[PDB]
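Novice: Dropping in input_25.pdb, with PDB, C-alpha atoms.
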ATOM      1  CA  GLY A   1       0.070  -5.757   2.909  1.00  0.00           C
ATOM      2  CA  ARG A   2       1.199  -4.964  -0.633  1.00  0.00           C
ATOM      3  CA  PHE A   3      -0.598  -2.229  -2.594  1.00  0.00           C
ATOM      4  CA  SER A   4      -0.542  -1.424  -6.304  1.00  0.00           C
ATOM      5  CA  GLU A   5       0.510   2.031  -7.472  1.00  0.00           C
ATOM      6  CA  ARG A   6      -3.142   2.995  -8.015  1.00  0.00           C
ATOM      7  CA  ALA A   7      -4.235   1.641  -4.617  1.00  0.00           C
ATOM      8  CA  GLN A   8      -1.595   3.835  -3.026  1.00  0.00           C
ATOM      9  CA  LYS A   9      -3.042   6.799  -4.972  1.00  0.00           C
ATOM     10  CA  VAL A  10      -6.459   5.973  -3.533  1.00  0.00           C
ATOM     11  CA  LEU A  11      -5.030   5.908  -0.001  1.00  0.00           C
ATOM     12  CA  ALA A  12      -3.455   9.347  -0.548  1.00  0.00           C
ATOM     13  CA  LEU A  13      -6.694  10.753  -1.977  1.00  0.00           C
ATOM     14  CA  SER A  14      -8.689   9.268   0.894  1.00  0.00           C
ATOM     15  CA  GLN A  15      -6.504  11.065   3.414  1.00  0.00           C
ATOM     16  CA  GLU A  16      -6.773  14.338   1.470  1.00  0.00           C
ATOM     17  CA  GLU A  17     -10.580  14.073   1.391  1.00  0.00           C
ATOM     18  CA  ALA A  18     -10.697  13.511   5.150  1.00  0.00           C
ATOM     19  CA  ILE A  19      -8.696  16.708   5.613  1.00  0.00           C
ATOM     20  CA  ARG A  20     -10.764  18.657   3.050  1.00  0.00           C
ATOM     21  CA  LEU A  21     -13.987  17.788   4.898  1.00  0.00           C
ATOM     22  CA  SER A  22     -12.488  18.799   8.271  1.00  0.00           C
ATOM     23  CA  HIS A  23     -12.108  15.316   9.771  1.00  0.00           C
ATOM     24  CA  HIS A  24      -9.326  14.031  11.986  1.00  0.00           C
ATOM     25  CA  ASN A  25     -10.415  10.529  11.051  1.00  0.00           C
ATOM     26  CA  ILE A  26     -10.138   8.898   7.629  1.00  0.00           C
ATOM     27  CA  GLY A  27     -13.401   6.904   7.489  1.00  0.00           C
ATOM     28  CA  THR A  28     -15.011   4.555   4.981  1.00  0.00           C
ATOM     29  CA  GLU A  29     -16.702   7.506   3.240  1.00  0.00           C
ATOM     30  CA  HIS A  30     -13.286   9.057   2.630  1.00  0.00           C
ATOM     31  CA  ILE A  31     -12.042   5.797   1.119  1.00  0.00           C
ATOM     32  CA  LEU A  32     -15.148   5.869  -1.147  1.00  0.00           C
ATOM     33  CA  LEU A  33     -14.325   9.397  -2.321  1.00  0.00           C
ATOM     34  CA  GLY A  34     -10.697   8.394  -2.786  1.00  0.00           C
ATOM     35  CA  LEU A  35     -11.803   5.553  -5.073  1.00  0.00           C
ATOM     36  CA  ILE A  36     -13.887   7.656  -7.437  1.00  0.00           C
ATOM     37  CA  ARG A  37     -11.459  10.595  -7.395  1.00  0.00           C
ATOM     38  CA  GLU A  38      -8.613   8.337  -8.532  1.00  0.00           C
ATOM     39  CA  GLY A  39     -10.634   8.179 -11.755  1.00  0.00           C
ATOM     40  CA  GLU A  40      -8.749   5.580 -13.771  1.00  0.00           C
ATOM     41  CA  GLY A  41      -8.717   2.382 -11.741  1.00  0.00           C
ATOM     42  CA  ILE A  42     -11.227  -0.454 -11.914  1.00  0.00           C
ATOM     43  CA  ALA A  43     -12.982   0.889  -8.792  1.00  0.00           C
ATOM     44  CA  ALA A  44     -13.492   4.360 -10.285  1.00  0.00           C
ATOM     45  CA  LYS A  45     -14.672   2.801 -13.566  1.00  0.00           C
ATOM     46  CA  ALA A  46     -17.158   0.587 -11.721  1.00  0.00           C
ATOM     47  CA  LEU A  47     -18.467   3.526  -9.673  1.00  0.00           C
ATOM     48  CA  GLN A  48     -18.673   5.655 -12.854  1.00  0.00           C
ATOM     49  CA  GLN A  49     -20.706   2.958 -14.640  1.00  0.00           C
ATOM     50  CA  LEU A  50     -23.073   2.772 -11.633  1.00  0.00           C
ATOM     51  CA  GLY A  51     -23.922   6.422 -12.360  1.00  0.00           C
ATOM     52  CA  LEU A  52     -21.959   7.923  -9.486  1.00  0.00           C
ATOM     53  CA  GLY A  53     -19.866  11.058  -9.959  1.00  0.00           C
ATOM     54  CA  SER A  54     -17.132  12.682  -7.863  1.00  0.00           C
ATOM     55  CA  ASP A  55     -19.284  15.743  -7.196  1.00  0.00           C
ATOM     56  CA  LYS A  56     -22.506  13.847  -6.442  1.00  0.00           C
ATOM     57  CA  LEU A  57     -20.685  11.480  -4.046  1.00  0.00           C
ATOM     58  CA  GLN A  58     -18.817  14.402  -2.460  1.00  0.00           C
ATOM     59  CA  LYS A  59     -22.098  16.230  -1.995  1.00  0.00           C
ATOM     60  CA  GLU A  60     -23.903  13.193  -0.572  1.00  0.00           C
ATOM     61  CA  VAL A  61     -21.071  12.467   1.863  1.00  0.00           C
ATOM     62  CA  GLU A  62     -21.239  16.030   3.221  1.00  0.00           C
ATOM     63  CA  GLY A  63     -24.985  15.530   3.734  1.00  0.00           C
ATOM     64  CA  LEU A  64     -24.584  12.485   5.999  1.00  0.00           C
ATOM     65  CA  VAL A  65     -21.548  13.686   7.951  1.00  0.00           C
ATOM     66  CA  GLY A  66     -21.533  17.481   8.054  1.00  0.00           C
ATOM     67  CA  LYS A  67     -17.945  18.821   7.981  1.00  0.00           C
ATOM     68  CA  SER A  68      -4.121  17.409  13.871  1.00  0.00           C
ATOM     69  CA  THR A  69      -2.932  14.172  12.229  1.00  0.00           C
ATOM     70  CA  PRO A  70      -5.416  11.943  10.322  1.00  0.00           C
ATOM     71  CA  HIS A  71      -5.840   8.331  11.502  1.00  0.00           C
ATOM     72  CA  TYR A  72      -8.037   5.611   9.974  1.00  0.00           C
ATOM     73  CA  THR A  73     -11.287   4.813  11.772  1.00  0.00           C
ATOM     74  CA  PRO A  74     -11.415   1.201  13.005  1.00  0.00           C
ATOM     75  CA  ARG A  75     -13.853   0.447  10.165  1.00  0.00           C
ATOM     76  CA  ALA A  76     -11.550   1.990   7.543  1.00  0.00           C
ATOM     77  CA  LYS A  77      -8.784  -0.226   8.944  1.00  0.00           C
ATOM     78  CA  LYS A  78     -11.058  -3.260   8.602  1.00  0.00           C
ATOM     79  CA  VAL A  79     -11.811  -2.247   5.020  1.00  0.00           C
ATOM     80  CA  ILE A  80      -8.087  -2.088   4.214  1.00  0.00           C
ATOM     81  CA  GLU A  81      -7.497  -5.482   5.865  1.00  0.00           C
ATOM     82  CA  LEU A  82     -10.429  -6.988   3.913  1.00  0.00           C
ATOM     83  CA  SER A  83      -8.979  -5.635   0.648  1.00  0.00           C
ATOM     84  CA  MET A  84      -6.063  -8.032   1.048  1.00  0.00           C
ATOM     85  CA  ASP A  85      -8.477 -10.972   1.350  1.00  0.00           C
ATOM     86  CA  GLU A  86     -10.497  -9.801  -1.654  1.00  0.00           C
ATOM     87  CA  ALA A  87      -7.289  -9.565  -3.736  1.00  0.00           C
ATOM     88  CA  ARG A  88      -6.130 -13.037  -2.676  1.00  0.00           C
ATOM     89  CA  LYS A  89      -9.539 -14.489  -3.645  1.00  0.00           C
ATOM     90  CA  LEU A  90      -9.225 -12.950  -7.116  1.00  0.00           C
ATOM     91  CA  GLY A  91      -5.706 -14.307  -7.567  1.00  0.00           C
ATOM     92  CA  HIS A  92      -3.834 -11.041  -6.908  1.00  0.00           C
ATOM     93  CA  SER A  93      -0.839 -10.706  -4.593  1.00  0.00           C
ATOM     94  CA  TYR A  94      -1.162  -6.901  -4.767  1.00  0.00           C
ATOM     95  CA  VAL A  95      -4.211  -4.961  -3.577  1.00  0.00           C
ATOM     96  CA  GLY A  96      -5.664  -3.009  -6.523  1.00  0.00           C
ATOM     97  CA  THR A  97      -8.360  -0.312  -6.489  1.00  0.00           C
ATOM     98  CA  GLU A  98     -11.010  -2.955  -7.195  1.00  0.00           C
ATOM     99  CA  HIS A  99     -10.041  -4.812  -3.996  1.00  0.00           C
ATOM    100  CA  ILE A 100     -10.356  -1.740  -1.781  1.00  0.00           C
ATOM    101  CA  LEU A 101     -13.870  -1.237  -3.190  1.00  0.00           C
ATOM    102  CA  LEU A 102     -14.691  -4.928  -2.701  1.00  0.00           C
ATOM    103  CA  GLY A 103     -13.392  -4.691   0.878  1.00  0.00           C
ATOM    104  CA  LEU A 104     -15.598  -1.634   1.377  1.00  0.00           C
ATOM    105  CA  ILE A 105     -18.596  -3.537   0.015  1.00  0.00           C
ATOM    106  CA  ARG A 106     -17.737  -6.589   2.131  1.00  0.00           C
ATOM    107  CA  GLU A 107     -17.535  -4.425   5.266  1.00  0.00           C
ATOM    108  CA  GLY A 108     -21.048  -3.363   4.350  1.00  0.00           C
ATOM    109  CA  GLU A 109     -21.429  -1.118   7.392  1.00  0.00           C
ATOM    110  CA  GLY A 110     -20.391   2.426   8.183  1.00  0.00           C
ATOM    111  CA  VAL A 111     -20.793   5.766   6.441  1.00  0.00           C
ATOM    112  CA  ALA A 112     -19.762   4.622   2.927  1.00  0.00           C
ATOM    113  CA  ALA A 113     -22.455   1.943   2.868  1.00  0.00           C
ATOM    114  CA  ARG A 114     -25.052   4.483   4.022  1.00  0.00           C
ATOM    115  CA  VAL A 115     -24.003   6.858   1.228  1.00  0.00           C
ATOM    116  CA  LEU A 116     -24.307   4.053  -1.310  1.00  0.00           C
ATOM    117  CA  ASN A 117     -27.731   3.172   0.092  1.00  0.00           C
ATOM    118  CA  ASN A 118     -29.013   6.768  -0.234  1.00  0.00           C
ATOM    119  CA  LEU A 119     -27.928   6.700  -3.859  1.00  0.00           C
ATOM    120  CA  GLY A 120     -29.919   3.504  -4.360  1.00  0.00           C
ATOM    121  CA  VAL A 121     -26.882   1.269  -4.975  1.00  0.00           C
ATOM    122  CA  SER A 122     -27.154  -2.149  -3.310  1.00  0.00           C
ATOM    123  CA  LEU A 123     -23.869  -3.703  -2.158  1.00  0.00           C
ATOM    124  CA  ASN A 124     -24.652  -6.803  -4.216  1.00  0.00           C
ATOM    125  CA  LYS A 125     -24.995  -4.665  -7.356  1.00  0.00           C
ATOM    126  CA  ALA A 126     -21.809  -2.793  -6.529  1.00  0.00           C
ATOM    127  CA  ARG A 127     -19.953  -6.117  -6.204  1.00  0.00           C
ATOM    128  CA  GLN A 128     -21.432  -7.453  -9.449  1.00  0.00           C
ATOM    129  CA  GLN A 129     -20.401  -4.308 -11.352  1.00  0.00           C
ATOM    130  CA  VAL A 130     -16.798  -4.638 -10.168  1.00  0.00           C
ATOM    131  CA  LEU A 131     -16.701  -8.351 -10.947  1.00  0.00           C
ATOM    132  CA  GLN A 132     -18.201  -7.693 -14.409  1.00  0.00           C
ATOM    133  CA  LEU A 133     -15.431  -5.209 -15.221  1.00  0.00           C
ATOM    134  CA  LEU A 134     -12.777  -7.628 -13.968  1.00  0.00           C
ATOM    135  CA  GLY A 135     -14.204 -10.508 -16.009  1.00  0.00           C
ATOM    136  CA  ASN A 136     -14.430  -8.269 -19.090  1.00  0.00           C
ATOM    137  CA  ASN A 137     -12.315  -9.092 -22.170  1.00  0.00           C
TER     138      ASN A 137
END
Could I get this file's structure written as structure tokens?

Specialist:
Amino acid sequence: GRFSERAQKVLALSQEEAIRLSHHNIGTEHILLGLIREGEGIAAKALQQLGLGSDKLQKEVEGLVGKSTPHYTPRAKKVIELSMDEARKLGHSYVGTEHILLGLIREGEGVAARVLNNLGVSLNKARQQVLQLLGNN
């Protein structure tokens, strides 16, 4: 669909992370890393306030996974599709970083969700943190 400048930065960072960790496939966990690495968007701020850090997430991801042209996994694709729905529901025509994270949370399956679970973050709490930031004055 249509992606904000910061969302596009997340997509670039996600692809870079997939390469860095020796993967042909850009999966949900690489989208997660892309979100926190972007640093300045609502998604990175929400993840930061949950007590997650780039290094700790990086490290945890390597623990669960291991480590030619990168392609999105089918689940990553579903996450990106869902981001458009999450944006529309929040009254945005452009997908922002918050909507990629909400799409990731909505997906609820895959490697990113398992990483979040190991860090003791429930998907409901992740969603509430994002929504709290968005509703913030």

Novice: From the list A:30, A:106, A:45, A:59, which residue is nearest residue 12 (chain A) when using only C-alpha atoms?

Specialist: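 Checking each candidate against residue 12 (chain A), we get A:30 as the closest.
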
Novice: Between A:98, A:16, A:107, A:38, which residue has the minimum interatomic distance to residue 70 (chain A), considering all atoms listed in the file?

Specialist: A:16

Novice: Could you tell me which residues the PyMOL selection byres ((chain A and resi 41) around 9) returns for this structure, as a list in words?

Specialist: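 Applied to this file, the PyMOL selection byres ((chain A and resi 41) around 9) returns residues 6, 7, 35, 36, 38, 39, 40, 42, 43, 44, 45, 46, 96, 97 and 98 of chain A.
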
Novice: From the options A:88, A:127, A:75, A:23, which residue's atoms come nearest to residue 1 (chain A), counting only C-alpha atoms?

Specialist: A:88

Novice: Selected by the PyMOL selection byres ((chain A and resi 58) around 10) in the shown coordinates: which residues, as an MDAnalysis selection string?

Specialist: chainID A and resid 17 21 29:30 32:33 36:37 53:57 59:63 115

Novice: For the selection you just gave me, I'd like the residues written to a file as an mmCIF file, in the frame of the given file, keeping C-alpha atoms.

Specialist:
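Output file selection.cif follows:
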data_model
loop_
_atom_site.group_PDB
_atom_site.id
_atom_site.type_symbol
_atom_site.label_atom_id
_atom_site.label_comp_id
_atom_site.auth_asym_id
_atom_site.auth_seq_id
_atom_site.Cartn_x
_atom_site.Cartn_y
_atom_site.Cartn_z
ATOM 1 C CA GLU A 17 -10.580 14.073 1.391
ATOM 2 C CA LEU A 21 -13.987 17.788 4.898
ATOM 3 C CA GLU A 29 -16.702 7.506 3.240
ATOM 4 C CA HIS A 30 -13.286 9.057 2.630
ATOM 5 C CA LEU A 32 -15.148 5.869 -1.147
ATOM 6 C CA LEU A 33 -14.325 9.397 -2.321
ATOM 7 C CA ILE A 36 -13.887 7.656 -7.437
ATOM 8 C CA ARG A 37 -11.459 10.595 -7.395
ATOM 9 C CA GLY A 53 -19.866 11.058 -9.959
ATOM 10 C CA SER A 54 -17.132 12.682 -7.863
ATOM 11 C CA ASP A 55 -19.284 15.743 -7.196
ATOM 12 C CA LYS A 56 -22.506 13.847 -6.442
ATOM 13 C CA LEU A 57 -20.685 11.480 -4.046
ATOM 14 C CA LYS A 59 -22.098 16.230 -1.995
ATOM 15 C CA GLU A 60 -23.903 13.193 -0.572
ATOM 16 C CA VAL A 61 -21.071 12.467 1.863
ATOM 17 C CA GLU A 62 -21.239 16.030 3.221
ATOM 18 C CA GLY A 63 -24.985 15.530 3.734
ATOM 19 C CA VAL A 115 -24.003 6.858 1.228
#

Novice: Using only C-alpha atoms, which residue out of A:92, A:49, A:68, A:27 lies closest to residue 132 (chain A)?

Specialist: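 Ranking A:92, A:49, A:68, A:27 by distance to residue 132 (chain A), first place goes to A:49.
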
Novice: Have a look at CA of residue 99 (chain A) and CA of residue 122 (chain A) and let me know their distance in Å, one decimal.

Specialist: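 Pair CA of residue 99 (chain A) / CA of residue 122 (chain A) returns 17.3 Å.
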
Novice: For a quick check of understanding, using only C-alpha atoms, which of A:89, A:100, A:72, A:52 has the smallest distance to residue 4 (chain A)?

Specialist: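 That would be A:100, the residue with the smallest distance to residue 4 (chain A).
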
Novice: Measure the distance from CA of residue 123 (chain A) to CA of residue 108 (chain A) in Å and round it to one decimal.

Specialist: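 Result for CA of residue 123 (chain A) versus CA of residue 108 (chain A): 7.1 Å, one decimal.
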
Novice: Have a look at A:48, A:94, A:2, A:66 and name the one nearest to residue 20 (chain A); count only C-alpha atoms.

Specialist: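 Under the stated criterion, the closest residue is A:66.
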
Novice: Pick out the residues sitting within 8 Å of residue 76 (chain A), and hand them over as a PyMOL selection string; count all atoms listed in the file, and ignore anything fewer than 2 positions along from it in its own chain.

Specialist: chain A and resi 26-28+31+72-74+78-80

Novice: Would you save the residues from that selection as a PDB file, in the frame of the given file, using C-alpha atoms?

Specialist:
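Saved to out_26.pdb:
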ATOM      1  CA  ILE A  26     -10.138   8.898   7.629  1.00  0.00           C
ATOM      2  CA  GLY A  27     -13.401   6.904   7.489  1.00  0.00           C
ATOM      3  CA  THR A  28     -15.011   4.555   4.981  1.00  0.00           C
ATOM      4  CA  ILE A  31     -12.042   5.797   1.119  1.00  0.00           C
ATOM      5  CA  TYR A  72      -8.037   5.611   9.974  1.00  0.00           C
ATOM      6  CA  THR A  73     -11.287   4.813  11.772  1.00  0.00           C
ATOM      7  CA  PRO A  74     -11.415   1.201  13.005  1.00  0.00           C
ATOM      8  CA  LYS A  78     -11.058  -3.260   8.602  1.00  0.00           C
ATOM      9  CA  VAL A  79     -11.811  -2.247   5.020  1.00  0.00           C
ATOM     10  CA  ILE A  80      -8.087  -2.088   4.214  1.00  0.00           C
TER      11      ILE A  80
END
